[PDB]
Amino acid sequence: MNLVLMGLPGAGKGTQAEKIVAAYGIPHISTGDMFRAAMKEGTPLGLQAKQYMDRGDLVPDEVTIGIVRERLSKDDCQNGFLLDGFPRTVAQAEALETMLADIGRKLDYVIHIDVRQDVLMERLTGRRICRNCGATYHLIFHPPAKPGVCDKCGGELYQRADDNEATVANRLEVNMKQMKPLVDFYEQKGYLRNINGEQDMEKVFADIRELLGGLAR
Ligand SMILES: Nc1ncnc2c1ncn2[C@@H]1O[C@H](COP(=O)(O)OP(=O)(O)OP(=O)(O)OP(=O)(O)OP(=O)(O)OC[C@H]2O[C@@H](n3cnc4c(N)ncnc43)[C@H](O)[C@@H]2O)[C@@H](O)[C@H]1O
Ligand SMILES: [Mg+2]
Ligand SMILES: [Zn+2]
């Protein structure tokens, strides 16, 4: 089972990806998470991606396609995988088709989680992350027990660098221009499936699981 989770910033890709991989046990491949890992390590890629990420811009295609090609070749992807946040440009999508073909695979579904831009703005700005364990909270939609404190570890909660309002507005605009044309690209191949992301987390998961059910049928 080869899947792609596609959505504008804050649509709920990670939230759902975590639920999906816990149910099937396949790898969760997130380009944003890989770039952040490279930044922490201090690698050449991490240094370059930092500048784009901090501004809310997309990292250039060649660089991004490259780290994905490397990740997809590993043995852990033999039983399938979940791509989160890639592809997000038409060219990354063309690159993905060929990249998969090289390892004898094709996508099953490209799950488009649709949410209104005004809600996405709120999803991102109110998001808070634990500095110790990475647990995610949301001041509006799902706050911690105690303000600024992580329920799991008692750690410090903070706002991701790119989650401030000005950077969010940029993120939304560039992703809307680059990512939205992918709806028609995938609809043409028959891979596209739309999910209403403006529902409670478990309900969104059930619509996804319902879709995934048609694979085992
Ligand atoms: N392919 C690529 N090409 C080029 N450059 C690339 C690239 N991929 C990455 N990059 C670069 O890396 C950067 C970061 O990428 P990335 O880290 O991928 O950011 P993103 O795609 O913009 O979106 P998010 O990760 O922040 O949100 P998400 O959809 O996962 O939602 P989440 O589940 O967290 O949910 C968000 C919040 O909402 C909450 N939430 C989720 N669902 C619900 C719900 N149903 N109801 C209420 N709250 C909800 C969560 O609790 C959370 O607080 C990019 O800006 C770019 O610079
Ligand atoms: Mg994410
Ligand atoms: Zn914590």
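Residues numbered from 1 in each chain as written, not as in the entry; some residues may be left out. Chains lettered and ligands numbered in written order. Heavy atoms only, no water.

- As recorded in the entry header, the structure was determined using X-ray crystallography to a resolution of 1.96 Å.

**Description of the sheet that holds strand 1 (residues 2–6)**
Move 1: Taken together, the 5 strands give an open sheet; going across it, the order is 2-3-1-4-8, and neighbouring strands pair in parallel fashion. Two strands close off the open sheet at either side, each with one partner strand: strand 2 (28–30) and strand 8 (192–196). When the angles between neighbouring strand axes are averaged without regard to direction, this sheet yields 25°.
Move 2: Relative to strand 4 (residues 109–114), strand 1 runs parallel, the two being bridged by 4 bridges. The partner of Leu5 across the bridge, within strand 4, is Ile111.
Move 3: Seen against the sheet, helix 9 (residues 201–216) touches strand 1, strand 4 and strand 8 and runs at an angle of roughly 160° to strand 4. (Pairing = 2+ DSSP bridges. Helix = DSSP H or I, 4+ residues; strand = E, 2+ residues; numbered from the N terminus. Axes fitted to C-alpha atoms, helices over the stretch in contact; angles between N-to-C directions. Contact = heavy atoms within 4.5 Å.)

**Overview of the UniProt feature "binding site: AMP" in the protein**
Move 1: On the UniProt side, "binding site: AMP" is annotated at positions that read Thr31, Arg36, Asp57, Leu58, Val59, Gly85, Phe86, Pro87, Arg88, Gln92, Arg160 and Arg171 here. For the annotated residues, spread through 141 residues, the largest C-alpha to C-alpha distance comes to 25.5 Å, inconsistent with a single compact locus.
Move 2: Once residues lying within four places of it in the same chain are set aside, the contact partners of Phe86 are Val4, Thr31, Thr64, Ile65, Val68, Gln92 and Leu96.
Move 3: Take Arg171: it is sitting in helix 7 (residues 165–179).
Move 4: For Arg171, a relative accessible area of 9% puts it in the buried group. (UniProt positions renumbered as here; feature names shortened; annotations may be inferred. Buried < 20%, exposed > 50% of the residue type's maximum accessible area, 1.4 Å probe, protein only.)

**A few points about the coordination of the zinc ion (ligand 3)**
Move 1: Looking at the zinc ion (ligand 3), one finds its protein donor set to be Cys130 (SG), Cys133 (SG), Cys150 (SG) and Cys153 (SG), positioned 2.3 Å from the metal centre.
Move 2: Around the zinc ion (ligand 3), the 4 donor atoms are arranged such that angles at the metal cover 95 to 122°; this shape is classified as tetrahedral.
Move 3: In terms of primary sequence, the donors binding the zinc ion (ligand 3) are separated according to C-x2-C-x16-C-x2-C. Placement of the pair is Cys133 in the loop between strand 5 (127–130) and strand 6 (136–138) and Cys150 in the loop between strand 6 and strand 7 (157–158), with a sequence separation of 17 residues.
Move 4: Under the relative-accessibility criterion, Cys133 is labelled partly exposed at 43%.
Move 5: Residue classification places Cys150 among the buried positions, given a relative accessible area of 3%. (Donors = N, O, S within 2.8 Å, 3.2 Å for Na, K, Ca; no water. Tetrahedral: all angles 85-135°; square planar, octahedral: opposite > 155°, others 65-115°.)

**Points about the site of ligand 1**
Move 1: In the neighbourhood of ligand 1, 31 residues make up the surrounding shell, with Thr15, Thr31, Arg36, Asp57 and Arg127 lying closest.
Move 2: Within the backbone of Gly14, one N or O atom sits 3.0 Å away from an oxygen atom of ligand 1.
Move 3: Look at ligand 1: alone it shows 1,000 Å² of surface, and the protein chains cover 93% of it.
Move 4: Of all the secondary-structure elements, those providing two or more residues to the shell around ligand 1 are helix 1 (13–24), helix 2 (31–41), helix 6 (117–125) and strand 6.
Move 5: Here the shell around ligand 1 takes 4 residues from helix 2, the largest share from any one element.
Move 6: Tallied by class, the residues present in the shell around ligand 1 amount to 11 nonpolar, 12 polar and 8 charged. (Near = heavy atom within 4 Å. Polar contact = N/O pair within 3.5 Å; in protein donor to acceptor, adjacent residues only side chain to side chain. Areas by Shrake-Rupley, 256 points an atom, 1.4 Å probe, with all protein chains shown as cover. Nonpolar A, V, L, I, M, F, W, Y, C, P; charged D, E, K, R; others polar.)

**Some points on the nonpolar core**
Move 1: Core analysis: the biggest nonpolar cluster contains 52 residues, and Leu72, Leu96, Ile111 and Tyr186 have the highest contact counts within it.
Move 2: The residues contacting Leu96, other than those within four sequence positions of it, are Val4, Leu72, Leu83, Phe86, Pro87, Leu107 and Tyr186.
Move 3: Among the nonpolar cores identified, the runner-up in size contains 5 residues, and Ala135, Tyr137, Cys150 and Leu157 belong to it. (Core = buried A, V, L, I, M, F, W, Y, C linked by side-chain atoms within 4.5 Å.)

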